[PDB]
Amino acid sequence: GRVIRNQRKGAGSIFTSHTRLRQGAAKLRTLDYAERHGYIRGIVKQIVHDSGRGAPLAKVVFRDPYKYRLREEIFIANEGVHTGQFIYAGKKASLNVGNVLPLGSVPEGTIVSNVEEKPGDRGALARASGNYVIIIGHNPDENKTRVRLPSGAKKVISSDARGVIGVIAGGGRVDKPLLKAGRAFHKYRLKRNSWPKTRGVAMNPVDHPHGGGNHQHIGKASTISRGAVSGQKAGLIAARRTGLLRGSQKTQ
Amino acid sequence: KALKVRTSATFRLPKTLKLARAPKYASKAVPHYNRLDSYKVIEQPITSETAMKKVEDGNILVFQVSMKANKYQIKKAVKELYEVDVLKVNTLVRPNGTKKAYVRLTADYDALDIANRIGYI
Amino acid sequence: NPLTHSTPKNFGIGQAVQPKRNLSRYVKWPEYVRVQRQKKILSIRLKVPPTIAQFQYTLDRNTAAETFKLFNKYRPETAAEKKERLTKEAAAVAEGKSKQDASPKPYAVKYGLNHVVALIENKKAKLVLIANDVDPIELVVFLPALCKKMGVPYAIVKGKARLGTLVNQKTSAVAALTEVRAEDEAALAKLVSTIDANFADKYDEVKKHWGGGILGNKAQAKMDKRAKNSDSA
Amino acid sequence: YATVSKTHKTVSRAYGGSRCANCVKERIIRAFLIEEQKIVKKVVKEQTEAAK
RNA sequence: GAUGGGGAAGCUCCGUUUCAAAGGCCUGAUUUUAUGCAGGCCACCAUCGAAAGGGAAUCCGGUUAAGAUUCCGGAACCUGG
RNA sequence: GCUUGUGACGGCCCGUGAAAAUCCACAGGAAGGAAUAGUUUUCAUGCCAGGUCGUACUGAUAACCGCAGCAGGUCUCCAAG
RNA sequence: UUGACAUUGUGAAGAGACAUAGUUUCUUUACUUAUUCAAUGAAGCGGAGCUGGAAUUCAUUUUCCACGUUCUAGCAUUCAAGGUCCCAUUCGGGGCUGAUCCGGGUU
Ligand SMILES: [Mg+2]
Ligand SMILES: [Mg+2]
Ligand SMILES: [Mg+2]
Ligand SMILES: [Mg+2]
Ligand SMILES: [Mg+2]
Ligand SMILES: [Mg+2]
Ligand SMILES: [Mg+2]
Ligand SMILES: [Mg+2]
Ligand SMILES: [Mg+2]
Ligand SMILES: [Mg+2]
Ligand SMILES: [Mg+2]
Ligand SMILES: [Mg+2]
Ligand SMILES: [Mg+2]
Ligand SMILES: [Mg+2]
Ligand SMILES: [Mg+2]
Ligand SMILES: [Mg+2]
Ligand SMILES: [Mg+2]
Ligand SMILES: [Mg+2]
Ligand SMILES: [Mg+2]
Ligand SMILES: [Mg+2]
Ligand SMILES: [Mg+2]
Ligand SMILES: [Mg+2]
Ligand SMILES: [Mg+2]
Ligand SMILES: [Mg+2]
Ligand SMILES: [Mg+2]
Ligand SMILES: [Mg+2]
Ligand SMILES: [Mg+2]
Ligand SMILES: [Mg+2]
Ligand SMILES: [Mg+2]
Ligand SMILES: [Mg+2]
Ligand SMILES: [Mg+2]
Ligand SMILES: [Mg+2]
Ligand SMILES: [Mg+2]
């Protein structure tokens, strides 16, 4: 039959992002001379909403070391940072909320955000409202630093990978029931065209693996293999268990 | 000795001698003559009754005039072809695709005389 | 002193715009520049095989200078020189009735790759010069081996351009002597010997010696410091 | 604003038609004190260097 | 949607500042002279895309068979020089 | 009172509700400038110029789309007792 | 998706045969120039040295860290002031230093 929905999302037409209103891209400062030999001061000039983002951004402005001018950066605001606060970025910087430091220079237990996977990538890990990472190890030779990500996964990355002290602001956002259909509607209106969702099981066969039958039913195991093929993979992909998760989760 | 000293890290395309063209044969052998002289600019008198009224009452000459011609070229060509001074020139495009010029003469001139000195009436 | 004032200035991170410095080590060269540089690098990282790398062993500046000195006395005719000679023989010979020998037997440098090769092959050259450039190196790589087998004493020399000068071409690839005025055979034996002792004789050992294999110096220091410390504490 | 005399585009204090006066009272004091405490900072630690 | 480019047998497909030597202003030096060099900059890298978005500035009175914030009258305003 | 305009406020959001051209201002102080006379056109007055294309009418139970002078469809402003 | 071959090179320890000389082949783990990824209007790399100083001296240095910025919602631009040398003293203007050396591997 027909191309199913989850393969149409790929050509990005109606499915591309609703970008018009966003502040710009959140990133750390470029890993230049200052930030990697000493530190460098800035002022959060403004913290502000980003459409379709949970967490607020913090506009933070710095002097150019090489030219007479102001250069403005777009940070994700850690909880507690405030307009007019001074932000410190550098190896030799000091450990307070807001400042940005290389995971090497912060002891075990430090709680940081917007951390890079490789030094310099200008911020990858934990950016969603609420999330953060915690340093759990250091290996002075080959300078790695071990962290636990918000997913529970533990990764090891360069000690030079920069992070920012604290947790991303706006946490708790998802404790609030959406209550009604429109509050989702407007939510997704400023994200992408992913909402509402027809159940495949309400479609006809041309439309979906799940479509058709004289009653609605999936008709075969809804757990699909990784080696499945486009047009096939709808359901629980590569699912290694299935059913109500009873008992405490949480990685050992 | 030793090396240059570039203070900037961008390398830019060197400023190189731009020689001007000095041909060896010509473009077209004989230049074109003036493609829009006063005789080709200002085409005919327009002498509808309602135009004659502009002459009599308005101190205004109406001409059908070249499409390729602007207010500047119309003004000059009237000046030159008719020994008149021009206040301002208004134009429009007729619905048969021809340009009409409402040419207003200054207070010294009298378009009516000037009208039946070119010879219409 | 007067109402003049010492202010100094603090370029120590966090303050004062950096001054203008020489970023020449940092400029983003055009690709053609970057390539020819890295060609030379890449050329040296790899272990270059013995039949190349027998080059690079250029003749020394002193001996060469002494060798260009000689070869210069043997430049080929100039346009004028030849034109001049012609009218001399063309007029004189045809009337004075000489046997197209109201011209003296010319002594000059032999050149051009294909020319010089049959010369070496026919054991006629007495000193072949080979350039160290020559970009398809193949035009030239068989020459030491060749000159060796033909017992023809040769020398690899800096300057295809400079071989070019002494023969009136932009470049040359090879310059060779076969003939010589008796007033010069003396310094040529002498010349041949220094050369023979630096190349032809050393040819057999050079043939066993692979080349290249050189680190860049950020890597060199890396193991000059790793190998200093590790072994001997 | 290009069709208007320059007095319609400033007040005559420093930072005239740009910053709100109360705001220039501010940056004046800050400037003053910080430049002062800067002299204070250097002689505290000029001593420290000779008192250790 | 061109361009240095990269795919494609190819009609062409991709990319839009992208692995590019990407370009132009202010005046000075001329008083052979018309404009070479002398600085210092600025590195923004096409272009099309709104007669409802942004946007320099005009009004009243009169006038035609049929035009009018467009003509006439008077009174303004904007941009450039 | 009615319609429209506008202000200072207040509700709402896991929604917080374009861009760019263009204009001005300020920080800076390169430099240029008077007493035998210099600076000044962001004050006033004064002079010249402003091209190209559209501009009629219909906009609907007859001027548009529905084979048509079709009871259908087709965006909007003004709005008396 | 999985294997083989080609792109494919350099050391080192260890297995494996002519049957316990090292040409050759794989297991490990090193190397960087191919290839690959990221970053930047390729700006401060790598190596040495100055000064400080923790350090304890088994002749004297055998080393290791450093080696301009953190009360404040200011200010930081004209090859930099200073110092010093030149032009033939004009106004202008230029080197050096201020800001240490060496290698041109942008990181
Ligand atoms: Mg997009
Ligand atoms: Mg939808
Ligand atoms: Mg669902
Ligand atoms: Mg559903
Ligand atoms: Mg159905
Ligand atoms: Mg099916
Ligand atoms: Mg199925
Ligand atoms: Mg079914
Ligand atoms: Mg069911
Ligand atoms: Mg009259
Ligand atoms: Mg018109
Ligand atoms: Mg001669
Ligand atoms: Mg005022
Ligand atoms: Mg002032
Ligand atoms: Mg294209
Ligand atoms: Mg346009
Ligand atoms: Mg418009
Ligand atoms: Mg508009
Ligand atoms: Mg009227
Ligand atoms: Mg009329
Ligand atoms: Mg009408
Ligand atoms: Mg009028
Ligand atoms: Mg004006
Ligand atoms: Mg309304
Ligand atoms: Mg609001
Ligand atoms: Mg203003
Ligand atoms: Mg100046
Ligand atoms: Mg004025
Ligand atoms: Mg023009
Ligand atoms: Mg009308
Ligand atoms: Mg009608
Ligand atoms: Mg109808
Ligand atoms: Mg770089």
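Throughout, chain A uses Swiss-Prot numbering, with the displayed residues spanning 2-253 in order.
If you check the header, you will see the structure was determined by X-ray crystallography, 3.0 Å.
Every residue gets a Cβ built from N, Cα and C, even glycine.
Taken from Swiss-Prot, the feature ubiquitin cross-link applies to A:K46 (among others). Contacts of A:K46 (ubiquitin cross-link) defined by a Cβ separation under 8 A and a same-chain sequence distance of 6+ are given as A:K60, A:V61, A:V62, A:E73, A:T84, in order along the sequence.
Among the features that Swiss-Prot reports, phosphoserine is placed at A:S52 (among others). Applying an 8 A CB threshold to same-chain residues 6+ apart, the list for A:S52 (phosphoserine) reads A:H19, A:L22, A:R23, A:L191.
Annotation source Swiss-Prot lists ubiquitin cross-link at A:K93 (among others). Sequence-distant neighbours of A:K93 (ubiquitin cross-link): residues of the same chain at least 6 apart with a C-beta under 8 Å from its C-beta are A:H38, A:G39, A:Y40, A:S106.
All protein chains considered, the CB of A:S95 (phosphoserine) has 11 other CB atoms within 10 Å. Sequence annotations record features per position, and here Swiss-Prot assigns phosphoserine to A:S95 (among others).
Counting Cβ atoms from all protein chains shown, A:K119 (ubiquitin cross-link) has 10 others lying within 10 Å of its own Cβ. Taken from Swiss-Prot, the feature ubiquitin cross-link applies to A:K119 (among others), supported by a large-scale study or a structure entry.
Look at Swiss-Prot and you will find A:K145 (among others) tagged as ubiquitin cross-link, backed by a large-scale study or a structure entry. Neighbour count (other Cβ atoms within 10 Å of the Cβ, all protein chains): 18 for A:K145 (ubiquitin cross-link).
For A:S159 (among others), the entry in Swiss-Prot reads phosphoserine, with the evidence type a large-scale study or a structure entry. Its Cβ placed at the centre, A:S159 (phosphoserine) has 18 other Cβ atoms within 10 Å.
Cβ neighbour count for A:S160 (phosphoserine): 20 (other Cβ atoms within 10 Å of its Cβ, all protein chains included). A:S160 (phosphoserine) carries neither a helix nor a strand DSSP state and counts as coil. The annotation phosphoserine is assigned in Swiss-Prot to A:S160 (among others).
If you take the C-beta of A:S249 (phosphoserine) and look for same-chain residues 6 or more apart in sequence within under 8 angstroms, you find none. In the three-state DSSP scheme, A:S249 (phosphoserine) is classed as coil. Taken from Swiss-Prot, the feature phosphoserine covers A:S249 (among others), and the record attributes it to a large-scale study or a structure entry.
Closest in space to A:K145 (ubiquitin cross-link), of the recorded positions given as A:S95, A:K119, A:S159, is A:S159, taking the CA atom of each residue. A separation of roughly 6 Å, to the nearest angstrom, links the Cα atoms of A:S159 (phosphoserine) and A:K119 (ubiquitin cross-link).
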